[PDB]
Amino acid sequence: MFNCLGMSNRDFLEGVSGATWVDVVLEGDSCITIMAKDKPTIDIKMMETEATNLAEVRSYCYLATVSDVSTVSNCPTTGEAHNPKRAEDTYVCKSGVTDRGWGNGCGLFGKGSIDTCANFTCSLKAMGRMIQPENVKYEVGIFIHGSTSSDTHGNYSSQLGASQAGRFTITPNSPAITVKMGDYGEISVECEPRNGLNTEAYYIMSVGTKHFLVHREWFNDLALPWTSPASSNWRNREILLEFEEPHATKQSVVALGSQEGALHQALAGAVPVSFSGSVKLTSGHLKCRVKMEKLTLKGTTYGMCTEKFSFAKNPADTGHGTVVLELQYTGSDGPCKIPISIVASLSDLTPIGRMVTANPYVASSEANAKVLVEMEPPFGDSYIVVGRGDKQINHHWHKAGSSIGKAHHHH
C-alpha cells in the first residue's frame, strides 16, 4: 500500500484552523489520513526501512568444548615446566606450583612446577552486527487526495503520473526534507526514529536459525569468550573453562556447561528480524512533524459540474466511520467540481458531515469519468446527495454511534 484506503491500520488526524504543523507517528504497517482546512487531504505512511552493509562488531561463544589436555611437570631443582602446546594459539595454558616429594616420585621435597594446556574450540557462537547510520533509509510514501477512481486510487503508476503520489527518503543523517506536492505546494517533514527503528541503540544478533534486534549495552557486557571481526582467535577463553585442582603430574581441564538456555531467555523479549545482509526493519516507529504552511489547494480552480451523476458503486462502510462511493459523470465539461454533500433531510439540504476526499472533482474532460469519494457522515441517519433539482441523486446512510466519546484500545 502507498495510501490509507483499504487499510485497517489507519488513523485520521486533523490539521485544525491555524495549525502550521501536524505531529504524526509512522509505524511500519500503518497509514495516516490528514484532513485540514483549505488544504487537500493527504495520506502519509512508512513504505520500507532497510539497512545495508551491516558490519560485524563481535562474536561470542556460549558453549565450549575442551580437548587434548596435557600437563608437563618438573620436580624441584629440575627447572620450570613449559608446555610446548604454548606455541599453538588454540590452546589455553595455565602455569602452576605443586607440592612434591618422595611419594610423588621426586627425590627432594618442595615445590615442583606444572604447565597444563588444553585445546579450545567454540561449539556454539552468536554474532553481533551493527548498522551504520549512513546505511539506513526510511522510505515514506505521500498521497494527495486529488481526483481518483476505484481503478486508479491504489495504482501507484497512475498516481505518480498525476503528481498525486510519491516516495521520499528520510535518513538518520538527513532527517528533514521538503517534498514538493505537485500543484499543491509543498510540505516539510522531519522525523526521529524510535524504538526498533533507532538503529543506534541496537545490534543484530544471529543465534542459531534466528536474528534478533538486541540492545547494545547488554550485548557489549556479555561475559563470554569473544572474537574480533578480524584476527579471530577467541579471547577470554578462560570463561567456560575450569582448570581443576592439580595433582603432582596431572591436571584436569573441563568445559563449563552451555549458556544457550540463559541466552534464549535473554532473547525471549527481543524482536526477531530476517536476513541480516540487507535487513528489513519492521518494528519501531518514526515520530515526525509534518509542516504544512505551504501546502495549498491548486491555484487553478473549477466551476461546478452541471450534468448528471450516477452511483457507479454504492456507499460502502470502510470500518473507520467513513463511507466510500464511486460516481460516474455523464458530462464532458470537466474538469469540474462535484456537487456532493451529506444532509440530515432531503427537505433541508444544509451540509453536515465532512468530506475525506476534500473538494471532489472530475479531472477529465471526457465523458463517463469515474470519481471515488470518501466521506465521514454524522452519527445517525443521513443522505448522500449529488446534484440539484431533477439531476439530484441520493442515497440514505445510517451510522451507529454517539457523540459521547469513543473507548479506545491503543497499543
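All residue numbers refer to positions in the sequence shown, first residue = 1.
Novice: 301 to 309 versus 321 to 329: which one carries the higher mean Cα B factor per the record?
Specialist: 301 to 309 has the higher mean C-alpha B-factor.
Novice: Averaging only over Cα atoms, indicate whether 143 to 151 or 93 to 101 has the higher B-factor in the PDB entry.
Specialist: Result of the comparison: 93 to 101.
Novice: Identify, among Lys280, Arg237, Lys337, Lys287, the residue whose C-alpha carries the highest B-factor in the deposited PDB entry.
Specialist: Within the set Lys280, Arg237, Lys337, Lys287, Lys280 shows the top C-alpha B-factor.
Novice: Going by the deposited entry, which of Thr116, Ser163, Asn314, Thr171 has the highest CA temperature factor?
Specialist: Largest recorded C-alpha B-factor: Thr171.
Novice: Can you work out whether the C-alpha temperature factor of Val22 puts it in the lowest, middle or highest third of the chain?
Specialist: According to the entry, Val22 has a C-alpha B-factor in the chain's lowest third.
Novice: Among the modelled residues of this chain, does the Cα B factor of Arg388 put it in the lowest, middle or highest third?
Specialist: For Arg388, the deposited C-alpha B-factor lands in the highest third.
Novice: Using the temperature factors of the C-alpha atoms in this entry, rank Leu108 within its chain: lowest, middle or highest third.
Specialist: For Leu108, the deposited C-alpha B-factor lands in the lowest third.
Novice: Splitting the chain's C-alpha B-factors into thirds, which one does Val362 fall into?
Specialist: For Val362, whose C-alpha B-factor we compare with every modelled residue in the chain, the answer is the lowest third.
Novice: Check where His398 lands among this chain's C-alpha B-factors and tell me if it's the lowest, middle or highest third.
Specialist: Tercile = middle for this residue's CA B-factor.
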